[PDB]
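Written out below as structure tokens is the structure these notes cover.
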Amino acid sequence: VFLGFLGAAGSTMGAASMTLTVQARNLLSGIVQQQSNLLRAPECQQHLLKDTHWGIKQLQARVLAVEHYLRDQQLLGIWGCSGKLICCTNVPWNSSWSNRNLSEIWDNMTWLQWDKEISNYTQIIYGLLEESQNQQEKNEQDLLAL
Amino acid sequence: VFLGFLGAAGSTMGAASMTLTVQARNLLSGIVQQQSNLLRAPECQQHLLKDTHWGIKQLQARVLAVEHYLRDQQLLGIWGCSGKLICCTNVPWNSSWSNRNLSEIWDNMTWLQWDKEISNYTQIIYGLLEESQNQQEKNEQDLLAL
Amino acid sequence: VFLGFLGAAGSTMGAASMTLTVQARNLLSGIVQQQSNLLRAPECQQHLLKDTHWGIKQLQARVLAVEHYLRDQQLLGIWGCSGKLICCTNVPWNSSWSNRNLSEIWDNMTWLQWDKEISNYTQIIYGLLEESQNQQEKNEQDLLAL
Amino acid sequence: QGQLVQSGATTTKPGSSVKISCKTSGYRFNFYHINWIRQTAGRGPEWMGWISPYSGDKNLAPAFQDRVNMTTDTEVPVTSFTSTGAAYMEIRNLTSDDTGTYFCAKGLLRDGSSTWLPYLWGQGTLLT
Amino acid sequence: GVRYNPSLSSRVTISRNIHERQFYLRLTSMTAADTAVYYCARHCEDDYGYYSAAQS
Amino acid sequence: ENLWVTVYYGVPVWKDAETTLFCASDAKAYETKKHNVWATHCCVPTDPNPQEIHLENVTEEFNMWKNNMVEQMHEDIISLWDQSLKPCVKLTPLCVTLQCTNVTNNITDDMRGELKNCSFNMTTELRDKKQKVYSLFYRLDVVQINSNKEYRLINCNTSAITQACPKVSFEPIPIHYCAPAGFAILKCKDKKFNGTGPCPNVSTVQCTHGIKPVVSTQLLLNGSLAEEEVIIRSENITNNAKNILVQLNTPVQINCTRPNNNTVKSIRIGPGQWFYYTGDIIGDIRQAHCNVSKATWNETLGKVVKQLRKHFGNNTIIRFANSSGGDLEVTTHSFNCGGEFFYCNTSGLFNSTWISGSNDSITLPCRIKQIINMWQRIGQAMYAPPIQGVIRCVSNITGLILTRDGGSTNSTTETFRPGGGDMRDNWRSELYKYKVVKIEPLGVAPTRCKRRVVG
Ligand SMILES: *[C@@H]1O[C@H](CO)[C@@H](O[C@@H]2O[C@H](CO)[C@@H](O[C@@H]3O[C@H](CO[C@H]4O[C@H](CO[C@H]5O[C@H](CO)[C@@H](O)[C@H](O)[C@@H]5O)[C@@H](O)[C@H](O)[C@@H]4O)[C@@H](O)[C@H](O[C@H]4O[C@H](CO)[C@@H](O)[C@H](O)[C@@H]4O[C@H]4O[C@H](CO)[C@@H](O)[C@H](O)[C@@H]4O)[C@@H]3O)[C@H](O)[C@H]2NC(C)=O)[C@H](O)[C@H]1NC(C)=O
Ligand SMILES: *[C@@H]1O[C@H](CO)[C@@H](O[C@@H]2O[C@H](CO)[C@@H](O[C@@H]3O[C@H](CO[C@H]4O[C@H](CO[C@H]5O[C@H](CO)[C@@H](O)[C@H](O)[C@@H]5O)[C@@H](O)[C@H](O[C@H]5O[C@H](CO)[C@@H](O)[C@H](O)[C@@H]5O)[C@@H]4O)[C@@H](O)[C@H](O[C@H]4O[C@H](CO)[C@@H](O)[C@H](O)[C@@H]4O)[C@@H]3O)[C@H](O)[C@H]2NC(C)=O)[C@H](O)[C@H]1NC(C)=O
Ligand SMILES: *[C@@H]1O[C@H](CO)[C@@H](O[C@@H]2O[C@H](CO)[C@@H](O[C@@H]3O[C@H](CO[C@H]4O[C@H](CO[C@H]5O[C@H](CO)[C@@H](O)[C@H](O)[C@@H]5O)[C@@H](O)[C@H](O[C@H]5O[C@H](CO)[C@@H](O)[C@H](O)[C@@H]5O)[C@@H]4O)[C@@H](O)[C@H](O[C@H]4O[C@H](CO)[C@@H](O)[C@H](O)[C@@H]4O)[C@@H]3O)[C@H](O)[C@H]2NC(C)=O)[C@H](O)[C@H]1NC(C)=O
Ligand SMILES: *[C@@H]1O[C@H](CO)[C@@H](O[C@@H]2O[C@H](CO)[C@@H](O[C@@H]3O[C@H](CO[C@H]4O[C@H](CO[C@H]5O[C@H](CO)[C@@H](O)[C@H](O)[C@@H]5O)[C@@H](O)[C@H](O[C@H]5O[C@H](CO)[C@@H](O)[C@H](O)[C@@H]5O)[C@@H]4O)[C@@H](O)[C@H](O[C@H]4O[C@H](CO)[C@@H](O)[C@H](O)[C@@H]4O)[C@@H]3O)[C@H](O)[C@H]2NC(C)=O)[C@H](O)[C@H]1NC(C)=O
Ligand SMILES: *[C@@H]1O[C@H](CO)[C@@H](O[C@@H]2O[C@H](CO)[C@@H](O[C@@H]3O[C@H](CO[C@H]4O[C@H](CO[C@H]5O[C@H](CO)[C@@H](O)[C@H](O)[C@@H]5O)[C@@H](O)[C@H](O)[C@@H]4O)[C@@H](O)[C@H](O[C@H]4O[C@H](CO)[C@@H](O)[C@H](O)[C@@H]4O)[C@@H]3O)[C@H](O)[C@H]2NC(C)=O)[C@H](O)[C@H]1NC(C)=O
Ligand SMILES: *[C@@H]1O[C@H](CO)[C@@H](O[C@@H]2O[C@H](CO)[C@@H](O[C@@H]3O[C@H](CO[C@H]4O[C@H](CO)[C@@H](O)[C@H](O)[C@@H]4O)[C@@H](O)[C@H](O[C@H]4O[C@H](CO)[C@@H](O)[C@H](O)[C@@H]4O)[C@@H]3O)[C@H](O)[C@H]2NC(C)=O)[C@H](O)[C@H]1NC(C)=O
Ligand SMILES: *[C@@H]1O[C@H](CO)[C@@H](O[C@@H]2O[C@H](CO)[C@@H](O[C@@H]3O[C@H](CO[C@H]4O[C@H](CO)[C@@H](O)[C@H](O)[C@@H]4O)[C@@H](O)[C@H](O[C@H]4O[C@H](CO)[C@@H](O)[C@H](O)[C@@H]4O)[C@@H]3O)[C@H](O)[C@H]2NC(C)=O)[C@H](O)[C@H]1NC(C)=O
Ligand SMILES: *[C@@H]1O[C@H](CO)[C@@H](O[C@@H]2O[C@H](CO)[C@@H](O[C@@H]3O[C@H](CO)[C@@H](O)[C@H](O[C@H]4O[C@H](CO)[C@@H](O)[C@H](O)[C@@H]4O)[C@@H]3O)[C@H](O)[C@H]2NC(C)=O)[C@H](O)[C@H]1NC(C)=O
Ligand SMILES: *[C@@H]1O[C@H](CO)[C@@H](O[C@@H]2O[C@H](CO)[C@@H](O)[C@H](O)[C@H]2NC(C)=O)[C@H](O)[C@H]1NC(C)=O
Ligand SMILES: *[C@@H]1O[C@H](CO)[C@@H](O)[C@H](O)[C@H]1NC(C)=O
């Protein structure tokens with residue numbers, strides 16, 4: 001049985017990592033009903049968008065949502081993890097970020113307080129994540145210049 | 001020789017499966033000409049978008065198209081099939097959906113009447129598709145908690 | 001040390017191919033600040049979008065940017081290279097396109113003058129790129145009809 | 001799901017030509033081939049020929065190669081995946097040995113090796 | 001105005017003053033059999049069924 | 001071997017965010033209302049069943065004063081008001097000089113110069129040749145500019161005026177505010193938990209509950225009631241500076257009627273019949289009023305002062321006798337009923353042992369204005385068209401808007417008067433439980449696994 005959207009937000013990181021598809025779905029099934037415009041097709045043409053800037057304003061909100069999706073898919077793309085929800089990398093874990101052991105992290109902490117504890121070094125980790133790939137780019141570069 | 005956009009819609013499922021790139025292209029080359037705004041750049045500035053809500057209305061139509069693309073790419077993403085056009089999964093085929101044999105399906109049926117015959121159980125198959133991955137998520141979970 | 005956005009535009013093709021992540025980032029960190037709407041959330045509500053079509057006009061510009069991103073990710077998708085920045089294909093290199101050897105290309109030319117020299121045959125190469133996959137589609141087709 | 005109706009039976013003396021009509025329904029008439037087969041009384045039944053309603057290409061047995069003319073009426077659409085049509089069969093020279101039961105059939109699959117193979121049959125007709 | 005009742009078809013004329021916000025009925029050669037109670041009633045039929053709300 | 005970073009997409013992580021919400025109308029189409037109701041007829045229908053997903057173990061900080069969902073809703077209501085006022089008839093030429101005389105209040109009514117008889121030497125076109133018509137005006141709408149009984153409508157030298165279309169209705173309907181995908185609305189479901197602080201009990205929703213945009217100033221009307229005990233909301237500082245928000249557990253009932261039997265008159269002003277007015281009253285001349293059961297209001301005020309000394313924390317002299325006013329909107333309970341705008345003397349409710357008692361049900365005199373300046377800043381005023389017949393509406397009083405008079409007198413002074421607070425405070429009164437957050441689904445963590453193989 002599945003706890004529902006964001007159900008494991010108070011669960012251990014391992015339990016939420018088991019239901020990450022659940023959190024992944026609310027990125028799409030909020031935006032499937034709005035792009036549908038099936039219940040919007042007939043109601044006063046296109047919900048009277050003439051002299052109603054809330055209609056455009058509403059539309060701009062829909063744009064922000066798909067724009068955020070594109071930000072996350074871009075990050076998964078430049079880290080070579082586009083197709084997968086869980087991917088391992090080559091970046092070693094610098095201990096200065098967090099000193100907690102594996103058992104304490106995955107069976108004693110929630111993703112919220114973890115993201116709060118590591119929000120300080122997120123940019124650095126992303127930099128290593130954008131950098132580390134670059135050594136794969138370079139190995140492919142060796143295969144390119146023969 | 002290539003039958004053209006949606007050319008194999010009346011062909012056997014195997015023949016259309018050979019030209020799925022053709023149907024894939026009309027998702028992009030309708031929207032390349034509109035994002036181009038090259039023939040739109042000079043014609044009365046931005047096609048007079050002041051006091052013309054059809055211009056915004058037009059724009060909202062363009063938004064719906066890229067929004068639908070994002071729905072399909074999200075589904076390919078959460079099924080771990082982002083990079084490929086044909087991917088095999090772990091979900092076994094429950095016979096209650098269709099009792100037809102392989103030869104009758106791929107060399108006697110078109111994709112239209114197939115999609116019509118299985119539209120009843122599409123949501124269930126998607127649920128198994130979102131669920132089955134979750135066992136891969138769990139195998140990666142075993143590799144995570146060591 | 002990293003030359004910066006588009007820094008290796010005058011460098012040899014090999015050097016730019018080493019810093020393609022740098023050029024890849026300006027697709028996302030221009031559009032992260034605009035979708036943020038954090039500095040836009042409070043300034044006169046939504047930057048007064050009533051009786052200001054520049055606001056909508058501005059929004060349409062943001063749409064064109066994410067639309068172009070979707071064009072490139074679609075092309076990487078239909079070439080089976082979604083997850084990777086460097087991918088090798090099955091298409092052989094027809095010599096009529098360029099007669100230059102590998103050393104002269106990667107250690108003597110920049111990406112600009114290369115793209116200018118090959119802009120003539122880009123569509124043909126894309127056609128082979130959309131076609132060649134189709135033989136992979138067909139191998140998967142052999143595995144489908146058993 | 002499909003049905004193959006056949007014309008009424010009739011007895012004509014040898015020497016003259018005749019025509020059999022096989023009306024279709026319950027499927028896409030242009031999708032499956034049309035086969036004509038005879039059951040000989042006193043010997044083994046023999047396949048006679050087949051013709052594509054769509055392609056129009058016809059291939060007959062050498063036992064009826066220059067003695068049979070086939071024609072396929074243009075299909076009449078019914079549903080999004082159901083049409084109706086008419087298939088006609090003809091013989092030039094009649095004899096007493098031509099007596100026997102006749103049937104019209106449709107194809108099994110649309111592609112593959114078993115494309116023109118008879119699958120769904122008609123009720124049949126009797127001759128002189 | 002498309003049609004009237006066939007019995008009184010030639011003696012009935014219904015007009016519609018668009019801008020005046022009204023619509024009128026005319027009945028010529030009034031007889032004692034036409035003595036009755038008259039109403040004006042509205043109803044909406046949609047071939048499309050394509051509106052913001054449901055009609056009557 | 002060592003520890004390696006691993007990317008996780010779709011982690012339950014959120015951050016405080018302000019985003020653009022959108023409207024949603026209940027899926028009735030409101031066919032029984034005859035026009036559009038705050039122009040929210042054209043608004044996405046709610047899902048037949050909303051999905052509310054409880055979040056076990058989750059404790060999130062809320063701030064109803066820093067929610068901003070209030071400011072967004074406020075601007076939305078203002079803009080809807082303007083969008084419904086724009087196409088209607090503007091009474092710019094109607095600011096001609098009026099010759100008006102006083103007319104007697106009845107001998108059953110307090111003799112006041114109220115409802116003035118005004119004749120118009122105004123010409124509309126050449127065709128009119130300065131026609132003389134007469135209309136009934138409430139005293140508040142008109143001012144005596146020059147003597148000899150010469151008058152003009154108030155505001156006419158300051159700003160324009162526009163007439164609310166008669167067709168459009170001001171009745172507030174429930175509106176569910178929804179967030180787009182990638183954002184979320186968090187709902188605190190602890191009934192007793194005060195407005196702000198950490199909520200141990202949190203659920204997530206795609207859309208909020210049905211919030212009625214009730215225009216009010218002194219007392220909150222037709223809202224939602226807090227369960228169990230009533231709730232009292234101030235800011236952190238609490239020292240004569242904020243506006244006290246009160247949410248009741250039991251609703252009081254208030255019936256407001258305008259007994260005058262108004263009619264219609266002076267139709268055509270512009271090309272075609274364009275303007276409604278008040279004919280002579282038919283029947284008795286009675287002034288508008290509202291009753292509130294004296295027993296229930298004394299009980300409710302008692303429980304209020306009990307909870308005041310509760311949140312206060314210290315025994316102190318809490319009085320209600322006094323009340324102070326700025327303008328008109330704070331001395332009177334301003335609100336809207338049936339399309340007419342009522343302004344009521346609340347002094348009987350805010351005195352000291354006012355009962356006895358003296359009435360079965362307390363009665364409050366209410367005057368009526370057809371010229372109102374709610375969200376009309378400086379420039380555009382609105383004329384509410386007259387309503388034919390007698391008016392009578394029954395309202396739930398769910399909340400209150402108060403203000404302290406904090407004063408370091410060693411607990412001697414401490415007086416609470418019914419402020420006429422802004423309308424945003426009304427939105428805060430129903431948005432206290434909701435909050436907007438953005439999902440940051442990207443988490444990286446070490447699980448000592450490496451993708452050795454490439455490609
Ligand atoms: C702390 O957090 C927890 C965790 O979230 C909070 O607990 C939640 O509280 C919610 C509100 O109380 C509760 O919502 C319940 O929803 C149930 C199912 O929802 C459907 O039905 C309701 C209406 O219920 C009716 O229909 C269902 C069948 O659909 C019947 O089974 C019921 O018996 C009712 O006949 C719809 O509104 C929904 O849209 C769904 O369709 C309901 O069962 C339940 O209804 C009962 O409580 C209502 C008041 O909340 C009441 O109006 C309703 O009539 C039901 O009351 C029962 O008992 C009375 C007693 O007099 C009787 O007269 C009625 O006939 C009826 O038998 C709720 O609506 C969440 O389910 C719940 N979640 C969990 C996990 O516990 C908690 O509130 C929160 N608290 C604090 C202090 O922080
Ligand atoms: C919100 O936060 C809370 C934190 O408080 C969190 O609660 C934790 O929940 C997780 C799981 O979701 C628990 O983690 C696992 O718990 C396993 C134990 O579960 C069984 O045993 C429980 C203890 O029973 C004892 O007492 C009875 C006598 O009453 C006795 O017979 C038993 O033998 C045992 O000694 C029990 O409570 C539990 O619940 C059911 O059963 C009881 C009756 O026993 C019934 O009363 C309950 O109502 C309920 O029906 C269940 O029986 C634990 O074993 C496991 O550790 C390893 O063992 C298992 C094998 O059993 C492995 O499969 C597993 O992978 C582990 O390797 C693990 O610890 C955790 O203990 C809770 N922590 C608490 C309660 O403090 C919530 O889940 C959070 N929720 C969200 C949504 O985030
Ligand atoms: C729309 O729907 C219709 C359905 O009616 C569909 O038509 C089907 O089309 C598919 C292919 O697109 C066919 O499937 C394959 O057909 C192979 C046969 O093709 C050759 O043979 C045909 C029969 O010729 C017979 O008669 C001649 C005498 O006239 C004789 O010499 C031959 O030996 C043979 O007995 C023939 O019609 C066909 O067409 C060309 O040639 C003829 C002359 O022969 C000419 O008149 C035509 O104008 C045309 O030029 C061609 O010669 C069949 O073999 C194959 O089965 C296996 O064999 C091949 C090896 O040959 C394998 O490669 C293959 O993979 C298979 O394993 C398969 O069945 C199918 O039969 C059609 N069905 C019909 C017509 O009912 C349309 O394609 C659909 N279109 C769309 C866009 O959806
Ligand atoms: C814009 O375009 C220009 C084109 O003009 C381009 O310049 C090219 O830059 C690339 C690299 O970015 C060069 O490619 C490599 O250069 C390697 C040589 O680098 C060393 O040697 C240089 C020559 O020094 C000679 O002279 C000194 C005496 O002064 C002597 O001691 C030396 O032994 C040698 O004989 C030198 O200029 C260079 O620069 C530093 O050092 C000098 C002092 O030596 C100092 O004065 C400078 O200020 C600076 O500090 C450096 O010392 C070359 O070896 C290499 O070829 C192979 O060898 C190396 C191993 O060394 C391998 O690692 C490598 O992979 C190769 O296999 C390669 O050729 C290229 O030569 C430049 N071309 C020129 C200058 O014409 C810019 O980079 C472009 N910029 C952008 C952004 O696009
Ligand atoms: C807080 O919540 C309360 C909830 O009650 C709100 O109070 C409600 O306010 C609304 C809007 O102000 C009221 O709706 C009005 O109801 C009136 C009831 O009138 C009845 O009688 C009328 C006359 O009866 C005669 O005619 C009818 C045919 O029409 C015959 O069947 C009948 O036998 C008689 O011969 C009827 O016309 C009417 O149908 C009722 O039966 C309505 O009169 C009124 O319509 C007026 O207003 C419309 C909107 O502007 C306008 O379009 C119309 O043309 C007309 O002018 C309107 O529907 C609720 O009645 C009222 N609830 C009550 C009183 O319990 C409250 O407003 C809300 N907010 C606040 C701040 O308090
Ligand atoms: C468009 O369509 C309309 C009807 O659909 C046609 O109008 C009809 O015209 C016919 C004539 O062709 C009318 O029929 C005749 O009406 C005469 C007048 O009837 C009125 O007046 C008498 C006397 O005052 C009343 O008693 C009666 O109730 C009517 O009020 C009758 O005098 C005629 O009767 C005689 O002639 C017929 C043959 O025509 C004989 O059979 C009779 O026994 C009798 O001798 C006859 O009934 C008909 O009434 C008209 N329709 C209507 C509804 O009134 C139009 O002609 C047509 N358009 C065009 C251009 O033609
Ligand atoms: C607010 O004030 C208005 C006044 O502007 C009131 O409206 C008036 O209501 C009174 C009733 O109290 C109306 O008077 C009655 O009108 C009836 C209807 O008259 C029309 O219909 C008849 C029949 O077809 C026509 O012949 C006639 O010309 C009208 O078109 C009459 O039938 C009544 O007469 C009967 O009753 C009286 C006693 O009431 C008897 O003395 C008579 O002999 C007869 O038996 C009566 O005249 C009056 O017409 C209304 N005014 C207008 C302008 O229409 C509202 O009622 C009031 N608001 C509320 C809520 O009450
Ligand atoms: C604001 O004031 C209004 C009055 O103008 C008030 O509205 C009324 O509230 C009562 C609730 O006490 C409603 O009556 C109930 O309605 C429900 C819904 O249909 C029924 O299920 C109820 O029947 C059951 O309960 C009765 C006892 O309450 C039993 O006797 C009965 O057999 C059933 O078991 C009951 O009828 C009433 O419908 C409304 N009035 C209108 C017009 O809607 C409102 O409650 C006040 N506001 C607040 C917040 O309380
Ligand atoms: C709602 O109640 C909470 C809890 O009492 C109030 O927050 C408290 O404020 C006091 C004084 O500043 C602090 O001592 C407490 O530590 C606070 N507790 C919490 C949980 O925040 C809050 O100010 C009240 N909000 C109102 C009255 O609007
Ligand atoms: C005021 O409140 C404090 C804290 O609750 C308490 O210790 C003190 O006794 C109270 N004093 C009075 C006079 O109520």
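Note on naming: chains are A, B, ... as they come in the structure tokens, residues start from 1 per chain, ligands start from 1 in the order shown.
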Exercise for review: For residue A:109, list every protein, DNA or RNA residue within 9 Å, evaluated using only C-alpha atoms, and leave out those in the same chain fewer than 2 positions away; present the list as a VMD selection string.
Suggested key: chain A and resid 10 to 14 104 to 107 111 to 114
Just the selected residues (C-alpha atoms), exported as a PDB file, in the first residue's frame, please.
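So the final result, stored in part_5.pdb, reads:
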ATOM      1  CA  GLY A  10       8.432  12.185   7.607  1.00  0.00           C
ATOM      2  CA  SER A  11       9.817   8.693   7.005  1.00  0.00           C
ATOM      3  CA  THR A  12      13.447   7.630   7.022  1.00  0.00           C
ATOM      4  CA  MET A  13      15.440   8.521   3.921  1.00  0.00           C
ATOM      5  CA  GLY A  14      15.444   4.870   2.893  1.00  0.00           C
ATOM      6  CA  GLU A 104      22.436   6.963  11.133  1.00  0.00           C
ATOM      7  CA  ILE A 105      21.688   8.685   7.825  1.00  0.00           C
ATOM      8  CA  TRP A 106      19.387   6.168   6.128  1.00  0.00           C
ATOM      9  CA  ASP A 107      17.619   4.701   9.189  1.00  0.00           C
ATOM     10  CA  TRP A 111      15.046  13.844   3.709  1.00  0.00           C
ATOM     11  CA  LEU A 112      13.860  17.214   5.047  1.00  0.00           C
ATOM     12  CA  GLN A 113      16.396  17.633   7.859  1.00  0.00           C
ATOM     13  CA  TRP A 114      19.049  16.110   5.582  1.00  0.00           C
TER      14      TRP A 114
END
Point to revise | Residues within 9 Å of ligand 6, counting only C-alpha atoms and all ligand atoms, as JSON, numbers by chain | key: {"E": [6, 7, 8, 9, 10, 11, 29]}
Writer output for current selection, N, CA and C atoms, as a PDB file, in the first residue's frame:
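The resulting file, result_37.pdb, is shown below:
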ATOM      1  N   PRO E   6     -48.919  24.653 -38.187  1.00  0.00           N
ATOM      2  CA  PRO E   6     -49.511  24.532 -39.532  1.00  0.00           C
ATOM      3  C   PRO E   6     -50.979  24.920 -39.603  1.00  0.00           C
ATOM      4  N   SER E   7     -51.733  24.763 -38.513  1.00  0.00           N
ATOM      5  CA  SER E   7     -53.149  25.122 -38.539  1.00  0.00           C
ATOM      6  C   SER E   7     -53.335  26.622 -38.737  1.00  0.00           C
ATOM      7  N   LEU E   8     -52.539  27.427 -38.041  1.00  0.00           N
ATOM      8  CA  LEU E   8     -52.640  28.882 -38.063  1.00  0.00           C
ATOM      9  C   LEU E   8     -51.415  29.506 -38.727  1.00  0.00           C
ATOM     10  N   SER E   9     -50.892  28.843 -39.761  1.00  0.00           N
ATOM     11  CA  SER E   9     -49.591  29.220 -40.310  1.00  0.00           C
ATOM     12  C   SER E   9     -49.651  30.548 -41.056  1.00  0.00           C
ATOM     13  N   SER E  10     -50.715  30.780 -41.827  1.00  0.00           N
ATOM     14  CA  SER E  10     -50.795  31.995 -42.629  1.00  0.00           C
ATOM     15  C   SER E  10     -51.263  33.205 -41.831  1.00  0.00           C
ATOM     16  N   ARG E  11     -51.891  32.994 -40.677  1.00  0.00           N
ATOM     17  CA  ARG E  11     -52.438  34.081 -39.877  1.00  0.00           C
ATOM     18  C   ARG E  11     -51.577  34.423 -38.666  1.00  0.00           C
ATOM     19  N   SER E  29     -57.222  38.233 -38.275  1.00  0.00           N
ATOM     20  CA  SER E  29     -58.564  37.656 -38.339  1.00  0.00           C
ATOM     21  C   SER E  29     -58.915  36.949 -37.029  1.00  0.00           C
TER      22      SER E  29
END
**Study point:** Surroundings of ligand 9 up to 9 Å, based on only C-alpha atoms and all ligand atoms, as an MDAnalysis selection string
**Key:** chainID F and resid 61 63:65 193:199 231:238 244:245 311
So that I have them on file, write out the residues from the current selection with N, CA and C atoms, as a short mmCIF file (atom, residue, chain, number, x, y, z; two decimals), in the first residue's frame.
data_model
loop_
_atom_site.label_atom_id
_atom_site.label_comp_id
_atom_site.auth_asym_id
_atom_site.auth_seq_id
_atom_site.Cartn_x
_atom_site.Cartn_y
_atom_site.Cartn_z
N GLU F 61 6.52 24.67 10.01
CA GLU F 61 6.24 25.98 10.57
C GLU F 61 5.30 26.75 9.65
N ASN F 63 3.05 30.53 9.10
CA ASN F 63 2.93 31.95 9.45
C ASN F 63 1.82 32.54 8.60
N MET F 64 0.66 32.79 9.21
CA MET F 64 -0.46 33.33 8.45
C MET F 64 -0.26 34.79 8.08
N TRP F 65 0.65 35.49 8.75
CA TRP F 65 0.84 36.91 8.48
C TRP F 65 1.88 37.10 7.39
N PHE F 193 -4.71 24.34 17.41
CA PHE F 193 -3.39 24.93 17.23
C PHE F 193 -3.65 26.36 16.77
N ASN F 194 -3.05 27.32 17.45
CA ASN F 194 -3.09 28.70 16.98
C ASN F 194 -2.60 28.88 15.54
N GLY F 195 -2.90 30.06 15.01
CA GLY F 195 -2.55 30.42 13.65
C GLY F 195 -1.11 30.18 13.25
N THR F 196 -0.15 30.64 14.04
CA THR F 196 1.23 30.44 13.62
C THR F 196 2.01 29.64 14.65
N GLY F 197 3.00 28.91 14.14
CA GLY F 197 3.90 28.11 14.93
C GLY F 197 4.07 26.77 14.23
N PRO F 198 4.81 25.84 14.84
CA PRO F 198 5.01 24.52 14.22
C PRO F 198 3.77 23.65 14.40
N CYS F 199 3.29 23.08 13.28
CA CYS F 199 2.09 22.24 13.28
C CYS F 199 2.45 20.76 13.26
N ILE F 231 -10.51 30.88 18.79
CA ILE F 231 -9.11 31.21 18.55
C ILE F 231 -8.94 32.72 18.45
N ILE F 232 -7.81 33.20 18.96
CA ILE F 232 -7.47 34.61 19.14
C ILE F 232 -6.11 34.82 18.49
N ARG F 233 -6.03 35.72 17.51
CA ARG F 233 -4.80 35.89 16.76
C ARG F 233 -4.33 37.35 16.72
N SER F 234 -3.10 37.56 17.20
CA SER F 234 -2.33 38.81 17.20
C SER F 234 -0.94 38.52 16.63
N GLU F 235 -0.15 39.56 16.39
CA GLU F 235 1.23 39.24 16.07
C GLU F 235 2.05 38.99 17.35
N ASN F 236 3.29 38.54 17.15
CA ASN F 236 4.24 38.33 18.25
C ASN F 236 4.39 39.51 19.22
N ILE F 237 4.49 40.75 18.73
CA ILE F 237 4.81 41.84 19.66
C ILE F 237 3.67 42.04 20.65
N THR F 238 2.44 42.03 20.17
CA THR F 238 1.24 42.33 20.94
C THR F 238 1.37 43.51 21.90
N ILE F 244 -6.49 42.55 16.32
CA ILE F 244 -6.82 41.25 16.89
C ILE F 244 -7.81 40.51 16.00
N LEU F 245 -7.44 39.28 15.62
CA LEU F 245 -8.28 38.40 14.82
C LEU F 245 -8.96 37.41 15.75
N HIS F 311 -5.08 33.91 26.33
CA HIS F 311 -3.88 34.32 25.59
C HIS F 311 -3.12 35.47 26.24
#
**Study point:** Residue list for chain C near chain B as a ChimeraX atom specification, 6 Å, only C-alpha atoms
**Key:** /C:53,64,77,80,82
Would you export the selected residues with N, CA and C atoms as an mmCIF file, in the first residue's frame, please?
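New file selection-v5.cif:
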data_model
loop_
_atom_site.group_PDB
_atom_site.id
_atom_site.type_symbol
_atom_site.label_atom_id
_atom_site.label_comp_id
_atom_site.auth_asym_id
_atom_site.auth_seq_id
_atom_site.Cartn_x
_atom_site.Cartn_y
_atom_site.Cartn_z
ATOM 1 N N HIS C 53 1.368 44.495 -22.039
ATOM 2 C CA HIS C 53 1.542 43.335 -22.894
ATOM 3 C C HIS C 53 3.007 42.984 -23.081
ATOM 4 N N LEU C 64 10.091 30.885 -25.779
ATOM 5 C CA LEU C 64 10.934 30.511 -26.915
ATOM 6 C C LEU C 64 12.205 29.818 -26.448
ATOM 7 N N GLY C 77 17.136 12.787 -28.119
ATOM 8 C CA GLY C 77 16.292 11.641 -27.819
ATOM 9 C C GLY C 77 16.118 10.686 -28.986
ATOM 10 N N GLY C 80 18.971 8.436 -29.759
ATOM 11 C CA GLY C 80 19.359 7.532 -28.692
ATOM 12 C C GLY C 80 20.529 8.016 -27.872
ATOM 13 N N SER C 82 20.167 10.524 -25.271
ATOM 14 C CA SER C 82 19.533 11.464 -24.354
ATOM 15 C C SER C 82 20.415 11.713 -23.138
#
